[PDB]
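Given as structure tokens, the chain that follows is alone and in the form deposited in one PDB entry.
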């Protein structure tokens, strides 16, 4: 009965969140405008809702534009505004960038990535140094201080039954779905679901494509043919990763579980063996040419309307 014990904090947190949102709604707090288009990707949950996949998909749609991701870079022990990546060129290590913005830069070698708590300041720096044509906020639904021309909200079925922090995982009450210009329905593979709001709505799917090597280049799945791999990941990821490796038919001779906080500073792989791990782990192991991650293609069902919305923000 522990969870219900946190409900009083949830109701309190609701008042705090609703007040802030009301101030934004009614024009009491400033909303700043960058002089090029801004697309926000977001979610209502503190848990994952497929954002990295959707940013990959979104960047691919925008492959003919100069793209810059504006990330919070929340973890990082350093602060201020920081260029992590210039169109694929990493400017800092993962330690300094934080895991997540560094990983996004590796997953998207054609886009820039800027880490900045204040997204607007991030954009200004990018404008001066990188001359991008469009910004993507990878987690910007609540960052209402920055105007976005297209507000995309990711929603998984589980969100619809959740409750506010700290009793549940929601950062905001479900009514705030109203702020979205478009919904992307995620986690379809494990929990398929429909949701009608009248808003433009798109189901997202992932499909296995290839391995990623330690340099994050795409390499064929073929190399696993008649090989048994050693797989490893952080403590929590162990579950999802295992299930996925099995359903893909990947032969695993041994699995290893490390703590979620591992910098792999003591990791010693065996020459001649092939390793599979998560992209979040892979970033700490570049150079090891026998360590790979799985790469998935990202697709949106009936995407045409989404493309139209994106097209129209460049006027």
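We call the rigid core the largest set of C-alpha positions that still match within 1.5 Å between the two forms. Shifts are known only where both forms have a C-alpha. Residue numbers count along the first chain shown, from 1.
As for the form deposited in another entry, it is not shown, yet the points below apply to it.
- For residue 160, a C-alpha deviation below 2 angstroms is recorded between this form and the one not shown after rigid-core alignment.
- Residue 87 is not among the residues whose C-alpha shifts by 2 Å or more between this form and the one not shown once the rigid core is aligned; its shift stays under 2 Å.
- Here's the thing about residue 73 and residue 261: their CA atoms end up at least 3 Å closer in that other deposited form than they are in this form.
- Note on residue 249 and residue 157: their C-alpha atoms are nearer in that other deposited form, a change of at least 3 Å from this conformation.
- Listed in sequence order, 208 to 278, 284 to 295 mark where three or more consecutive residues have CA shifts of 2 Å or more between this form and the one not shown on superposition of the core.
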